[PDB]
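Let me begin by presenting the structure, written as structure tokens, before commenting on it.
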Ligand SMILES: *[C@@H]1O[C@H](CO[C@@H]2O[C@@H](C)[C@@H](O)[C@@H](O)[C@@H]2O)[C@@H](O)[C@H](O)[C@H]1NC(C)=O
Ligand SMILES: *[C@@H]1O[C@H](CO)[C@@H](O)[C@H](O)[C@H]1NC(C)=O
Ligand SMILES: *[C@@H]1O[C@H](CO)[C@@H](O)[C@H](O)[C@H]1NC(C)=O
Ligand SMILES: *[C@@H]1O[C@H](CO)[C@@H](O)[C@H](O)[C@H]1NC(C)=O
Ligand SMILES: *[C@@H]1O[C@H](CO)[C@@H](O)[C@H](O)[C@H]1NC(C)=O
Ligand SMILES: *[C@@H]1O[C@H](CO)[C@@H](O)[C@H](O)[C@H]1NC(C)=O
Ligand SMILES: [Zn+2]
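Chains as they are written, first to last, in my numbering: chain A, 1 to 124; chain B, 125 to 311; chain C, 312 to 414; chain D, 415 to 1002.
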């Protein structure tokens, strides 16, 4: 089980960034994908969760509008696209495989974020 | 798409017995392999040994989840009667499937008393297989209508459990998942 | 819910016990809380889930417990490799992380 | 639609909401007993009030389900226990007056002093450990005149108010009320009028008395060597010289009366210490005892939630061996144990109580108890008899395999037992006889102190050291009298105790003297007893007894058989002495 994320990118304010995540070693459609973010000197900040089966997405309260999430099963790759980047949007976006919410029924589970990617640094 | 049997067993909360939660599993391969290698104290079955189910294609699999007391687990078996079997969760004599139960004393109990779980204690008649009522209408035992007021000879039906961590085993909460087999070709 | 951890910097000598706390502004389910460990220069890993259940691949020197609004994490014997940043999480309502502590 | 159906519906909601309220008040009490704080006191009291208020409310709903229209015994047994009005049958003023009197009496007894030494550890220390006629008499007389006399006025009003409510509740008198706890009406062949208890108790006493007379003569003959100028060879023993405050137990006399005092008794205290036994070990051994006879063993929560050791001086727990049942499968013991033989045997006693509580745990809340007042204690008590038997100790490692049980040590054992078991029966019988007559009204107010001392020398064979007036109230100096407790339950306990042991020994195929019987490695005797424990209160005690003993009443044969090896010995000791006593003799 591994999660491989894309390399760092540099964007200007107002631009959008799309960060990819490649998942392998497990049944893609049995687990959801979550996107926590950590800015330099800060702790982690949840951005949202996306189902790999029903496509349903659950967003954090202050990212609704900018964040947009999607997955592609055929190539077992997830995507996250934040929009209207602000100066505060500089940080390392982590891809994680979760066991906190069911992928099919959407019911909360007893678990956490099982596997984290290396982290993608986005500069703005 | 393998089957969502992980998210049924590892759910944070289970429904109360008077209002049990019916999940439908379909259009997915099912690795009943875990079903026989967990340390789920009661993997009882009624007519289908867990060994052949992985060679059978079932049209629908229903997983009924709820919380009851340890000494009420025996009422979930077919052919049994009692306050749970007759007024809450009625299972038919002609039952095909397996009943899985495990102790959840550290999950569903608190010191002040967990009263979020409630069962039905009074009803006019016994239930038929696989039906449920969630009516809270006042039950009258006597000869005079009380019009919703729980006075003498009128009672509120749905009584509540009060699970606490120090109870004896028979009074501890158990999580029960009944798998009823009626699209789901097990590997 | 808001999670607060303390002490912010529990830096103590190796070989001794290290205990961290995580307090909730509201009561949370004991099965909806987890702990993470982040080593310098890399991604965090799941350490404990369900308040007390140890994550797979994690050494048995780690133990968790708690209920209500007061949860803790203890290391029976602090190792040289345990000097990392720990975080508490809850996903009973939405999903939030605590401030984090450095050991 | 009918009373039968409505009655069971009512009970089938009580038996589900009552257990929770009961548990909460039981747990709050537990916490107090293990941890004494101001916080735990108010918690205990608040939970107590909720439970008490609950029962008072349900009691007024049960009134509409008359027993005349109810046929099923398991319903009538539950309603009749929940329909009784208690003291709430009197006018509000009378009810409050009753309760303030009853409360006052308790405080005078529990917080009384003499000079100043209270009762414990003071007037009961002088009474237990003082070989001095004059010092003993002072302690005795002081208590009786300082607090006993003080309660006389309250006892008189107490009797009137208690008797008035008894009649209001359709009883002849308050004594008639109490005897109702033995009443078994409802099924043919197992009936038992409450008024019958008086006759059956009297008849059993007369059959036992011959044993008492020989034991009495023996003890008296020995005491005459300690008090050579006070005890007369043909008379009664002085009350203050029986080794107790009220002459209830004679057990403290076993230092003057020892048959063969040049030999030690069986004592494995040292063995327990040498083998490094601890509190956990003592209870583990008791646990396997019950498993060998054929009962299930203590649950996990008995080991995790119990307090088997002194918590400490920071947590001021109340050290007093009690077996607890908090409800819903929660069984605990509260007992600070030491590595000694006294606690070794006690552990089996308390464990016996739990085994009974677990046997009838399946019963309805209102029937979740012993068949009668004596059954609960009787089944617990018999466990210490077998534990103390040198066949169990011999195979537990605490007894040496070259320890022989001699003719002499059998007698030492039997006397020490008799001195505690059959030296108490005359007292229990006497006291209850007096109280019943007082409540019924067979004795004039100004003559009840007369009959008290008059019957003591006839039933017990004990007399006063000094004359008393009618202003005194001697009976009320005792805990059970001043706090409104029934006492006959101790009489109808000893008798059952032996009936069960004899019945079980023959099932275990024991051969030889009953005092050497051990009930271990026997499922024939284990299942035999169990079959009446599971019953709770669902059946008449006259049937529960039949299931083990075969009798439909209490007997004395088993008791007389147990002490037969001692009785014949005593007969050969009293050869040159007078057996019986003259009631025309007094110390003054
Ligand atoms: C319920 O969940 C158990 C724990 O799963 C393990 O820990 C979680 C946090 C994830 O890391 C997960 O991938 C790990 O396997 C399972 O052991 C158990 O099988 C699950 N129950 C069922 C019926 O599958
Ligand atoms: C005893 O009760 C006090 C409350 O006054 C509490 O602080 C203390 O921790 C309790 N001790 C135990 C052993 O429960
Ligand atoms: C009395 O009621 C109980 C249920 O509480 C039932 O088992 C028993 O058979 C009934 N007995 C009679 C005579 O109706
Ligand atoms: C209890 O009091 C009520 C009301 O006065 C009365 O109807 C009932 O018969 C009494 N029951 C008993 C046992 O005294
Ligand atoms: C009694 O408990 C012990 C644990 O101390 C266990 O080994 C034994 O098997 C139990 N006996 C029975 C009959 O279950
Ligand atoms: C009871 O059974 C145990 C286990 O076999 C045995 O060691 C013990 O000696 C037996 N007790 C008696 C009196 O035979
Ligand atoms: Zn006792």
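We put the CB at the ideal spot given by N, CA and C, even for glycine.
Closest by C-alpha distance to residue 636 of chain D, out of D:441, D:675 and D:846, is D:675. Secondary structure in the region 688–728 of chain D: the alpha helix (DSSP H) runs of 4 residues or longer, each lying completely within the stretch, are 693–707 and 714–719 in chain order. Here residue 648 of chain D carries a coil assignment [DSSP, helix/strand/coil]. The contact set of residue 430 of chain D on chain B, defined by CB atoms closer than 8 angstroms, consists of 245 and 283 in chain order. If you check each beta-carbon in the region 81–112 of chain A against every beta-carbon of chain B, the ones closer than 8 angstroms belong to 99, 102, 103, 104, 105, 107, 108, 109, 110 and 111. Assigned with DSSP and collapsed to three states, residue 427 of chain D falls in helix. By the neighbour-count definition (other C-beta atoms within 10 Å, threshold 16), residue 292 of chain B is a buried residue.
Chain C has no Cβ within less than 8 angstroms of the Cβ of residue 183 of chain B.
Of the other Cβ atoms in all chains shown, fewer than 16 fall within 10 Å of the Cβ of residue 337 of chain C; this residue is therefore exposed. For residue 53 of chain A, the closest Cβ of chain B is nearer than 8 angstroms.
The C-beta distance from residue 845 of chain D to residue 901 of chain D rounds to 5 angstroms, short enough to fall under 8 angstroms.
Between residue 366 of chain C and residue 119 of chain A the beta-carbon gap is near 20 angstroms, outside 8 angstroms, which marks them as no contact.
One thing to note: residue 226 of chain B has its Cβ no nearer than 8 angstroms to the Cβ of residue 287 of chain B.
Here DSSP, grouped into helix, strand and coil, assigns residue 330 of chain C to strand.
Remark: the shortest separation between the CB of residue 114 of chain A and any heavy atom of ligand 1 falls under 7 angstroms. The beta-carbon separation of residue 751 of chain D and residue 761 of chain D, rounded to 7 angstroms, stays under the 8 angstroms limit for a contact. Its chain contains 787 and 788 as the residues whose beta carbon lies nearer than 7 angstroms to that of residue 903 of chain D, once the 5 sequence neighbours on both sides are disregarded; these appear in chain order. By a beta-carbon distance limit of 8 angstroms, residue 251 of chain B does not contact residue 430 of chain D. Their separation comes to about 19 angstroms. Rounded to whole angstroms, the separation of the alpha carbons of residue 333 of chain C and residue 513 of chain D is 52 angstroms. Here the distance from the Cβ of residue 327 of chain C to the nearest heavy atom of ligand 2 is not below 7 angstroms. Taking 8 angstroms as the threshold, the shortest C-beta distance from residue 883 of chain D to chain B does not fall below it.
Among the residues facing chain B, residue 57 of chain A is not included, as its CB has no counterpart in that chain under 8 angstroms away. Among the residues facing chain A, residue 360 of chain C is included, as its CB has a counterpart in that chain under 8 angstroms away.
Listed in chain order, the non-local C-beta contacts of residue 417 of chain D below 8 angstroms within the same chain comprise 479, 480, 483 and 484, local neighbours out to five positions each way being set aside. Note that the C-beta distance between residue 183 of chain B and residue 306 of chain B is below 8 angstroms.
Those residues that bring their Cβ nearer than 6 angstroms to a heavy atom of ligand 3 are D:486 and D:488. Going by DSSP, residue 243 of chain B is part of the beta strand (DSSP E) stretching over 242–244. In the three-state reduction of the DSSP assignment, residue 973 of chain D falls in the helix class. As DSSP reads the structure, residue 46 of chain A sits in a beta bridge with A:36. Secondary structure of residue 146 of chain B (DSSP, three-state): strand. Under the DSSP assignment, residue 97 of chain A falls in the beta strand (DSSP E) whose first and last residues are 96–98. Assignment of beta-bridge partners to residue 172 of chain B by DSSP yields no partner.
For residue 221 of chain B, the uninterrupted beta strand (DSSP E) segment begins and ends at 221–227. DSSP, read as helix, strand or coil, puts residue 486 of chain D in coil. The beta-carbon of residue 118 of chain A is placed less than 8 angstroms from the nearest beta-carbon of chain C. When D:827, D:922, D:860 and D:486 are compared, the shortest CA-CA separation from residue 882 of chain D is found for D:860.
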